[PDB]
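Reconstructed Cβ throughout: ideal geometry from the backbone, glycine too, with neighbour counts over all protein chains shown. Rule-based calculations on the coordinates, nothing more; no lab input.
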There are 2 protein chains.
Amino acid sequence: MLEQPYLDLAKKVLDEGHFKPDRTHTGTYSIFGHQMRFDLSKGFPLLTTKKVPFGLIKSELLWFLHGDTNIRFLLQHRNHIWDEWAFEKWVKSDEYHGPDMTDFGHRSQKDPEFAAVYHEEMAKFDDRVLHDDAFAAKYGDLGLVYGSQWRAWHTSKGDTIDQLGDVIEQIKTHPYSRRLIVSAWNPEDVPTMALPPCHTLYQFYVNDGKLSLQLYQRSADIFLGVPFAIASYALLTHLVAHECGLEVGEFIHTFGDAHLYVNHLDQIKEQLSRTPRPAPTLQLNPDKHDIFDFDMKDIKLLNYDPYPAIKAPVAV
Amino acid sequence: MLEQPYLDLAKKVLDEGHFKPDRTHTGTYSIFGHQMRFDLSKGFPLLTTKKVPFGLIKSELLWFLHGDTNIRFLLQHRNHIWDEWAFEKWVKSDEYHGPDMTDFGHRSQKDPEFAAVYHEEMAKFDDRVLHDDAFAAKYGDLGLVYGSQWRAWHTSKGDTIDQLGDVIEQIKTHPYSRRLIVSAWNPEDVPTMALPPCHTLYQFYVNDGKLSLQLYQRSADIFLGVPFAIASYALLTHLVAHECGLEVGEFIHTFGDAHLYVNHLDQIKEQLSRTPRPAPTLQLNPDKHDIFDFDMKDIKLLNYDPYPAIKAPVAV
Ligand SMILES: O=c1ccn([C@H]2C[C@H](O)[C@@H](COP(=O)(O)O)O2)c(=O)[nH]1
Ligand SMILES: O=c1ccn([C@H]2C[C@H](O)[C@@H](COP(=O)(O)O)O2)c(=O)[nH]1
């Protein structure tokens, strides 16, 4: 079954995984150096052993493909995966004349009343982002996010580079090149970034008329983040291929620090007691070819029949 | 035996490797996505199934660790691995009033007389680099090479960053960090680089008092280049550890395009008919701790007993 490598990766970390402390002071079981491989021709690797919200992955990826870094678009899509990131800028700024919010995310875990307060302050921030056009320009622009890294790398000459755009053109004219790389890691920015890109870099490759992509992820939360990263980048591999008029090959996930948070152990064994069902099918709009122009409605997911979702706390 | 993963990698490409054309118009057998793993505690992964010149690897790595980009140092060390790179700048410049040299490297293969002529023009260029101090500053500085990438990344503000230096300090103060990354890939420079860095990026990791390093190499010549890359980076893993007062763990080599040039096939089967002997031992100077200050004499290699070297043409 297609998602087997993920179950394997999970089972493995439980077994060979040595305990290792981390940034967020939660404990983790970690393995360093691991690579898995999905044959995107057998189906779409969206986990069927626990429900993954394809809509979130889809609207996020498009945001990236638009070289966009503002939350307004995700909000317009009911997506809030990046709220806290913009919200935290809002709270540390001169305008935020509201209640206590320092360390909001962590405190939410054991709220004194905090939860409903935080959840409402967010409802405020978000609505304003969506409406106060000037508010959005200030507290809704995350700045250096995958979108600006893939499609607007700032150079030492005050200019901007579209790595992805260029790489697509390369695939079109020199498909056998070994330099089809897009990077998210900028030495200059990581020293003061809130969250240095985990999805550090990826590489395209073509052969036998099929396109492959290898992602190198520096750090991966096996339970929460990995299921999404497999889905984001496999979708990318389809889009880019559909654009270059190529067939889809394999998606290859390489890890630096693959870990399983100590508070996730029960949930993961829970998942490992399930049997995968056949993998869904991705159906892309045949009329559209400029992936940069793709819309939510141009990407269909057929035959997705997953097991109920598993709930677990975001370790911080 | 320690070098087994390399023999495995080679044998594999012969088998699963699909033919794929490339830049240099030589044909290659290629596989995309592969990772191997050497336990640096069992010994040093310098191949014993064919003699690898440790001296070349050693003097090169130091050059890198010095944030140096000039050929003068390698020349002072009998190392010429980077000559053609500086030499080619020399020939395309106003001063080079000499014989035909356009495409010199390729033409050398089937010389009309070219070989001895080229080999002498080089003897000239090199001697001048070593002596004409001003000549060196002009045609001996490669510019953007691993040394300037690891230890002097130019920022958008006309400044310079010492990625490696910083990463070492990080290891010292936050050994459990998942952000111990040094990058060689600069989006701005690759569009006009002669040879974009193959050894694209590496990641440090610490746990149980042992240091590990994972290299991500975009493209790898299995026969010629891989044996060296395994040796360079494993040596790095030892140096950095000796500096941070840690034990050495594993070296992990991940590949993008692992290939075996069509003109190397006989030589590689030749090598695969040999049996590995026990792996050598690396002995580092105990008095010295600042790896940035290491000298050729501070690195000893004990028990190196290899099979005769195998000769093969540099495919271009
Ligand atoms: O696809 C993704 C994106 C993010 N994260 C996680 C990785 C880390 O667990 C956490 C960031 O912690 P640091 O590695 O930066 O310290 O976010 C994932 O697991 N998968
Ligand atoms: O450790 C190393 C350094 C360089 N090369 C090779 C990789 C490629 O075969 C060639 C450069 O060709 P491109 O990939 O840049 O097209 O140099 C290696 O094999 N190993």
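What gaps in nm, shortest first, separate residue A:165 from its twins in the other copies when you place the label 7 Å past Cα toward the beta carbon?
In ascending order, 3.6 nm.
Between B:16, B:247, B:60, where does the largest GNM mean-square fluctuation fall for chain B, given springs only between Cα atoms within less than 10 Å?
Maximum among the listed residues: B:16.
List the equivalent ellipsoid semi-axes of chain B in whole Å, largest first, each obtained as the square root of 5λ for an eigenvalue λ of the Cα gyration tensor.
Values: eigenvalues 185, 140, 75 Å².
Equivalent ellipsoid semi-axes, largest first: 30, 26, 19 Å.
When you have a sec, figure out the Kirkwood radius of the protein assembly as shown from all distinct Cα pair distances and drop it here in Å to one decimal? Before the final figure, lay out the partial values.
Working: mean 1/r = 0.0377 Å⁻¹.
This gives a value of 26.6 Å.
Per q in 0.33 Å⁻¹, report the Debye log10 I(q)/I(0) for the stretch B:202-246, using one uniform scatterer on each alpha carbon and no solvent.
Result of the Debye calculation: -1.20.
Could you list the residues of the stretch A:207-240 with an amide nitrogen less than 19 Å from a label point located 7 Å from the Cα of residue A:293 in the Cα-to-C-beta direction?
The answer is A:239-240.
Straight-line reach from residue A:42: which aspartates and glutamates fall under 15 Å, measuring Cα to Cα and dropping same-chain residues less than 8 apart?
By straight Cα distance, residue A:42 reaches A:3, A:247, A:250.
Once you place label points 7 Å from the Cα toward the Cβ at residue B:305 and residue A:273, how far apart are they in nm?
5.6 nm
Among A:143, A:9, A:246, whose Cα projects farthest towards the positive end of the dipole of chain A, with charges put on the beta-carbon of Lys, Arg (+1) and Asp, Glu (-1)?
A:9
Using the Kyte-Doolittle scale, find the helices of chain B whose mean hydropathy is at least 1.0 and whose Cα atoms extend 20 Å or more along the helix's long axis, counting only whole DSSP H runs.
Details: long enough: B:114-131 (25 Å, -0.28); B:226-244 (27 Å, 1.18).
What comes out of the filter, once short or polar helices are dropped, is B:226-244.
Whole number please: convex hull volume per residue, Cα atoms of the stretch A:139-264, in Å³. Display every interim value, and only then the final one.
Numbers: hull volume 17.1 nm³, N = 126.
Spread over its residues, the Cα hull of the stretch A:139-264 gives 136 Å³ apiece.
Provide the three semi-axes, in whole Å and in decreasing order, of the ellipsoid equivalent to the stretch A:260-316 as defined by the square roots of 5 times the Cα gyration tensor eigenvalues. Don't skip to the end; give the middle numbers.
Details: eigenvalues 225, 57, 12 Å².
Its equivalent ellipsoid spans semi-axes of 34, 17, 8 Å.
Could you tell me the center-to-center distance, by alpha carbons, between the stretch B:183-214 and the stretch A:274-316 in angstrom?
The two parts, judged by their Cα centres, are 32 Å apart.
Cα-Cα over 20 Å: which of B:51/B:300; B:110/B:311; B:92/B:124; B:12/B:51? Working shown, then result.
On the way: B:51/B:300 17 Å; B:110/B:311 17 Å; B:92/B:124 16 Å; B:12/B:51 22 Å.
Where the Cα-Cα span goes over 20 Å, the pairs concerned are B:12/B:51.
So how do B:282, B:260, A:195 line up by other beta-carbon neighbours within 10 Å, fewest first?
Working: B:282 22, B:260 26, A:195 11.
Going from least to most buried by this count: A:195, B:282, B:260.
Could you pull the copy-to-copy label distances for residue B:113, with points set 7 Å along Cα to Cβ, in nm to one decimal and sorted shortest first?
Taking the point 7 Å beyond Cα along Cα→Cβ, the inter-copy spacings are 9.7 nm.
Which Rg and Dmax, in Å, describe the Cα atoms of the stretch B:34-141?
According to the Cα coordinates of the stretch B:34-141, Rg and Dmax are 17.2, 53 Å.
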